[PDB]
Structure formats: structure tokens, C-alpha cells
Amino acid sequence: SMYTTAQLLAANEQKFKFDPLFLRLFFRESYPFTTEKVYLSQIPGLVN
Amino acid sequence: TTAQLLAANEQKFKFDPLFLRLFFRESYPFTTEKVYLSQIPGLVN
């Protein structure tokens, strides 16, 4: 029952900066593996 | 004694609307008692 008046003027969304350069830049190929575990192997190449 | 008024300058102080001209545009007259300003956090973990 309030008799006052109000007129909205602006509603601004403050958003924190966030930009993914590391994902866009180095990690470029996606391998979705359906199994339980993943294997990674490195072979040394020091021949005496 | 006669005389004549050849020149008469008007003094002025260096005044210029800079902040209002640069940062304040889009005037909004309002026919309302009080105004509302609102903002949304937009902060998610």
C-alpha cells in the first residue's frame, strides 16, 4: 500500500576477467578414452 | 569635463566542463520521486 514511486535506470553485471590462453595455446588435440586408465611412454635416446 | 569609453573588458576564470563531457553522456530526465540503481555479482567459484 506504499504510495512511493521508483524508476530504474541501469542494471550492470560486474564480471571478473578470465581468459584461457593455456588451453587454447598448448593443449590442442582431444582424446576421449572410454577405458579405465591411460598409458604414457617415454623412450630414452642416449646412444653412447 | 568630456570623456569617451574606448574599451571595456570582462574578466573570466578558466572554466571548462571536462569530466562531465568525457564520462557523462545520455542524459535521463525522470518524472519519479526516487531512482533505482542495481548490480549483479556475476562471481562464480
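No lab work stands behind these numbers, since they all come straight from the coordinates. Here the Cβ positions follow ideal geometry from the backbone for every residue, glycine too, while neighbour counts run over all protein chains shown.
Within region A:2-35, can you find the residues that are part of a loop (DSSP other than H, G, I, E, B) and under 30 Å from B:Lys34 (Cβ atoms)?
Once the filter is applied, which keeps residues that are part of a loop (DSSP other than H, G, I, E, B) and under 30 Å from B:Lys34 (Cβ atoms), region A:2-35 yields A:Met2, A:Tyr3, A:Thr4, A:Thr5, A:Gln14, A:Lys15.
How many of the residues in chain B are more than 9 Å from chain A (Cβ to nearest Cβ) and among the small types (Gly, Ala, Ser)?
4
Scan A:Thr35, A:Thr5 and give me the residue that is touching a strand residue (DSSP E or B) at 6+ places or on another chain (Cβ under 8 Å) and not small (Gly, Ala, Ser).
Selected residue: A:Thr5, the only one of A:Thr35, A:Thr5 that is touching a strand residue (DSSP E or B) at 6+ places or on another chain (Cβ under 8 Å) and not small (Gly, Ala, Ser).
Only one of A:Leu25, A:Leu40, A:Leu8 is surrounded by 10 or more Cβ atoms within 10 Å (Cβ to Cβ) and of a type in the set (A, V, I, L, M). Can you tell me which?
Going through A:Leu25, A:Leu40, A:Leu8 in turn, just one is surrounded by 10 or more Cβ atoms within 10 Å (Cβ to Cβ) and of a type in the set (A, V, I, L, M): A:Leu8.
Taking B:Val44 as the residue in question, decide whether it is among the aliphatic types (A, V, I, L, M), closer than 27 Å to A:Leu8 by Cα and touching a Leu at 6+ places or on another chain (Cβ under 6 Å).
no
Could you list all residues from chain B that are among the hydrophobic types (A, V, I, L, M, F, W, C) and in contact with an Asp or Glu (Cβ under 9 Å, 6 or more places away or on another chain)?
Matches in chain B: B:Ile40 only.
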